[PDB]
Amino acid sequence: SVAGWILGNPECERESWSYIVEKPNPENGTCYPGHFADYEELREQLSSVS
Amino acid sequence: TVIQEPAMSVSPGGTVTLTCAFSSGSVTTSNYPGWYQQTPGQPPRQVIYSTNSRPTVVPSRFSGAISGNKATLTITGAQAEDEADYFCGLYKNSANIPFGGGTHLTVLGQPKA
Amino acid sequence: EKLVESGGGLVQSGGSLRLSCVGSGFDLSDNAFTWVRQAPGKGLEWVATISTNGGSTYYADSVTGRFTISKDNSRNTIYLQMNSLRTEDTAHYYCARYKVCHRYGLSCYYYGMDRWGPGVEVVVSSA
Amino acid sequence: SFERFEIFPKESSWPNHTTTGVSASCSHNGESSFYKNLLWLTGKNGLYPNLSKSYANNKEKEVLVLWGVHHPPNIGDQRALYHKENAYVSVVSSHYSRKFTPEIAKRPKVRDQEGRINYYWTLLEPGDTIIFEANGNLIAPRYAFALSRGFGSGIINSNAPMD
Amino acid sequence: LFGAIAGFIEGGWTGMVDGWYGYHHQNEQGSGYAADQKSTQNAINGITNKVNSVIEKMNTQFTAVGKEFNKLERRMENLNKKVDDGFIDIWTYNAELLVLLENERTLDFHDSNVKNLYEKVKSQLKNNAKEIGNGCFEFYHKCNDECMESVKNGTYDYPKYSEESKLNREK
Amino acid sequence: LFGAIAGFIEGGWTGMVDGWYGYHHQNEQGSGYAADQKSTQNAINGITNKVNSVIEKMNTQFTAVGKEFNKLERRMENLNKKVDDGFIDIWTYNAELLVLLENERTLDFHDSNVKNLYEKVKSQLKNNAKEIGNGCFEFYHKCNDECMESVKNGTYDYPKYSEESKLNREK
Amino acid sequence: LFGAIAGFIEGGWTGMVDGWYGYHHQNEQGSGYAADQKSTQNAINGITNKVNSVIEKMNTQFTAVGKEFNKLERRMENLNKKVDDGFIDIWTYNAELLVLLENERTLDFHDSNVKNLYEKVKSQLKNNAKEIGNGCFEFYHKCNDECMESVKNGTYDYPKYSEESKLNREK
């Protein structure tokens, strides 16, 4: 997921992407349970970077 | 032209169906299939107007519908006062309403001979 | 609301008749009317029709030029004047009233006839 | 769907506190009363014990939980009711977490009361837990609403007959 | 605009009420109206289809226009109205500009229906009849009820009256 | 399209400046132009009404397009920009297509006006004049200024010049 | 509706496949079809322009339809849904009615083309040919392939054939 990828989930891991592709229900996100503040905002910000 | 069946029969308390079709086309709701009952010596009576609409006075044993590009009159539980000639009047883009030949429904009350 | 028919009988070929129908229970000024005939051994056949105000008149292609349908609102009567009768005119004549339909401000002939008449037997011959 | 169920029973679940909070501003048929869906807790005997309650959602639906935090008008009321100079109310869940502290102030008089009650609500996901901890100033939940969200509607502000 | 309604036919007929377009014949036998049923029915079908196309091509979904926002979110509120008013503007500019156009089109359609009806009988009567103005004809021969019924039906049989019409016209 | 403009009347007239549709007449007395005031005024009224219908049907409310958002609400900015872009797209498409259709409608209106004028004069003259093309009629008799003034006005008096015309037509 | 297609010309021609409007000539030399290339090309250009105007006038900007909102922002999920539904409804209604009207316009355009072709040939032949119905003509004289080619081209040269046509017509 975006959270797992941006946090570095061990069982997961470019310089420009137009859009992100994700599975309907990713299974390797935040391995340690918790709450990700402003997750939708971060997803919107990281949707397309130059 | 309109084609009907020359004569049909039904036992009392039995459901019967009468058909009305065009000689060279299909019958749709825009043809407004009307069904008229004519007993001898009395004026014809509009049993059905439009596809399914029925007047208040007319009993509810008479219902009608378009089935298989053919107008149909269904009599569920035919009583003894439903022995008359039934005519189908269709609408064809004019005041000239074509009528069917007529169907003589015989409510059987005697053994066949 | 009943229609009573009269004025028919045995007439010689080439003669004339004037069938009349009187309606009791309603006014003729807002209804369209028609005359229909059943020939012996044949189905119902349209003969003539008249509009709501009496202005428009339509005749069957077989009786055109010989039949005249008129309306007298004062007497509440509908007349069918039949002239130059031939042997094919032998029939039972019914006067019927068209059901009221109004399509975009126009009078209709969609739903058929709601009130019929008992009928009058008109027979012609040359014997 | 909408069902009202007792999240925390009144007779049980409050053995060390008094559950007869009543205010004149919530008067019903003459005598003073309080809300039906909330329970005002005041210290029993002469002390206010620490309180830690927990509710786990097992309704296969999101549960609406409502509580409140009480702000007395003067320090005297705070000492009289909750026996602590400063109190804390912590509400913790899987996706909601908040700490509240009483804010003693002499607010303008409304409904013959000078202190206030701040009402808070949360939506508990299926298979999730809510934890309340407090040493004072808690208007504890009593009735929780198990609801299922439908289509997006609104509120019509009107006075017209219903048929 | 085809020049038949409010053109070479100045006014309508109040006595012909069972149709939109029709004929008025005058003979020795008598005079009378007769509405043209086929053209009237085709026009009614067309107008009904147009009305149904305008009405039943707007299918919406269950929405609840109206939102509540406190003082601390005015932008939010100011966005919502910017949506709402905006939509209204579009619809208010479409519907009002829509009806008008079809109204014009409808007033053209009927005109064509009259004009063609005038042309068809013309192509049927040829030199056998003379246009007397007011968008109609006077026969050069004697037409009984059969002749005018044939003219209305669509089968005038020109050759049969050709010689008498020629004799009477060359005068 | 009716076939009058860029049809059987290939070109326009620069000398006729006080109208859109007119007549050019040639006698022994002299030739001249004369615009048809009634048809031109009717066309002007229709065009003015169409332009007014397009312009004055857009009644908007006081709005302030433009919002300010911090970097912590990008969804907000994106939603606002989506609303603005959608409105701009709808309005651009609708306006451009609407102008495109109304231009064709106006040109067809002018063509219809010219063809109706030609048909009116043709029905008025009947066989007293012969058609030569370019929307022109050559008379079979002598029409002074009174004759063509009557043709323009709408009262030709066909019988009065009838017999003479015949003498010159069966020549 | 100009009354040519499905009017006084009842059916189409399956054997004329290289054009939309054409001629069918029958002589002593032989019978054959010949499509009118100029009118067909003009109609094709008009239709191409119409299609391009519909298609190449939707200039959209880069957008991403779709936003993610948590359970604490339901009013904004609703507002986003409102915006999306409004735009979808507007575009559906506009596209459907737009295509519905241009279909009628295109059919009227083809009818106008056919009617104008018929009027051109009629005005060119004048009284040298008889309208035998079915929207076409029978000559009063012998036309070889040169005559029919001249009629199709646009230069019939009526006074060359007027005298023999008069001789054969006044029979």
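First the proteins, then the strands, lettered A, B, ... as listed; each starts at 1.
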Check chain F and chain E for donor-acceptor pairs under 3.5 Å and report each one on its own line.
from: F:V54; atom 1: O; to: E:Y93; atom 2: OH; distance (Å): 2.5
from: F:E68; atom 1: O; to: E:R75; atom 2: NH1; distance (Å): 2.9
from: F:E73; atom 1: OE2; to: E:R75; atom 2: NH1; distance (Å): 3.0
from: F:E73; atom 1: OE2; to: E:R75; atom 2: NH2; distance (Å): 3.3
from: F:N80; atom 1: OD1; to: E:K82; atom 2: NZ; distance (Å): 2.6
from: F:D84; atom 1: OD1; to: E:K82; atom 2: NZ; distance (Å): 2.8
from: F:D84; atom 1: OD2; to: E:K82; atom 2: NZ; distance (Å): 3.4
from: F:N94; atom 1: OD1; to: E:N94; atom 2: ND2; distance (Å): 3.2
from: F:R105; atom 1: NH2; to: E:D108; atom 2: OD2; distance (Å): 3.2
from: F:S112; atom 1: OG; to: E:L1; atom 2: O; distance (Å): 2.6

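- Looking at E:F8, there are no atoms closer than 4.5 Å to chain F (heavy atoms on both sides), in backbone or side chain.
- Proximity to chain F (any heavy atom under 4.5 Å) is shown, for E:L1, by both the backbone and the side chain.
- There is no contact between F:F109 and chain E, counting heavy-atom distances below 4.5 Å.
- Only the side chain of F:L79 comes within contact range of chain E, with heavy atoms under 4.5 Å apart.
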